[PDB]
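In case you want the letters, here they are:
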Amino acid sequence: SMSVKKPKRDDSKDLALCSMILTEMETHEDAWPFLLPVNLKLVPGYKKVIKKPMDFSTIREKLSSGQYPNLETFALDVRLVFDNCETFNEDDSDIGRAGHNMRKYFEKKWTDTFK
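Residues numbered from 1 in each chain as written, not as in the entry; some residues may be left out. Heavy atoms only, no water. Residues with missing side-chain atoms left out of burial classes, pairs and counts.

Per the deposition metadata, X-ray crystallography was the technique used to determine this entry, at a resolution of 1.8400 Å.

Colleague: In this structure, what is going on with the packing of aromatic side chains? I would like to understand it.
Modeller: Any aromatic ring pair is given by two values, namely how distant the centres are and how the planes are angled relative to each other. Throughout the structure, instances matching the rule amount to eight aromatic pairs. Centroid distance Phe 56 to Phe 82: 6.2 Å. Interplanar angle 85°. Geometry classified as edge-to-face. On the criterion of sequence distance, the pair formed by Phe 56 in helix α3 (residues 56-64) and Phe 82 in helix α4 (residues 71-88) is long-range, its members being 26 residues apart. Here the aromatic cluster, defined as three or more aromatic residues joined through ring pairs, consists of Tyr 68, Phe 74, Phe 106, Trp 110 and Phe 114. (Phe/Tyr/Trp six-rings, centres within 6.5 Å; stacked < 30°, edge-to-face > 60°. Helix = DSSP H or I, 4+ residues; strand = E, 2+ residues; numbered from the N terminus.)

Colleague: Would you take a moment to explain unusual backbone geometry for this structure?
Modeller: For residues other than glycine, phi is negative in most cases, and the peptide bonds are mostly trans. Even without being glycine, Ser 3 reaches a positive phi, approximately 65°. Structurally, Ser 3 can be placed in the segment before α1 (14-27).

Colleague: Honestly, the side chain of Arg 60 in this entry has me stumped. Any pointers?
Modeller: Position of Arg 60 relative to the elements: it lies in helix α3. In terms of polar contacts, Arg 60 uses its side chain to reach the side chain of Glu 26, at 2.8 Å. Apart from the residues within four sequence positions on either side, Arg 60 is in contact with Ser 19, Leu 22, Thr 23 and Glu 26. (Polar contact = N/O pair within 3.5 Å; in protein donor to acceptor, adjacent residues only side chain to side chain. Contact = heavy atoms within 4.5 Å.)

Colleague: Is there a simple way to explain helix α5 (residues 94-114) in this structure?
Modeller: Because each turn of an α-helix spans 3.6 residues, side chains separated by three or four positions end up pointing in the same direction. With 21 residues, α5 should cover 30 Å at 1.5 Å per step; its first-to-last C-alpha distance of 30 Å lies within 8% of that length. Every buried residue belonging to α5 is among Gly 96, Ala 98, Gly 99, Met 102, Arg 103, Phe 106, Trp 110 and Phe 114, and all of these are buried. All buried residues of α5 project into a common sector of 145° when viewed along the axis, lining one side. α5 presents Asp 94, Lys 104 and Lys 108 as exposed residues on the side facing more than 90 degrees away from its buried surface. (Expected span 1.5 Å × (residues − 1). Buried < 20%, exposed > 50% of the residue type's maximum accessible area, 1.4 Å probe, protein only. Arc of directions from axis to C-beta.)

Rendered as structure tokens:
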């Protein structure tokens, strides 16, 4: 509360470490469905169903331009990419399975890096 603060967690490396995690997601062989925004003109149903589209290139631009106020807002956009994928793709599709694999990969890096 006022003038009563919990000890200061060192966040000075958070930007660089989120960038590294994002690089590892970008270079994973199963990243291909997630590299670019879904083409809303060419994928019927996507625009109406998926209210907040997100992809790795968009996260990379947000990260590079100071649009994440903290590491939690970054993890929220990563998870959005997988939640969108699960909403639109069957679990037993190439893209569906990609999304499960990448979420697992991400969550392990996240825990090992920050928790």
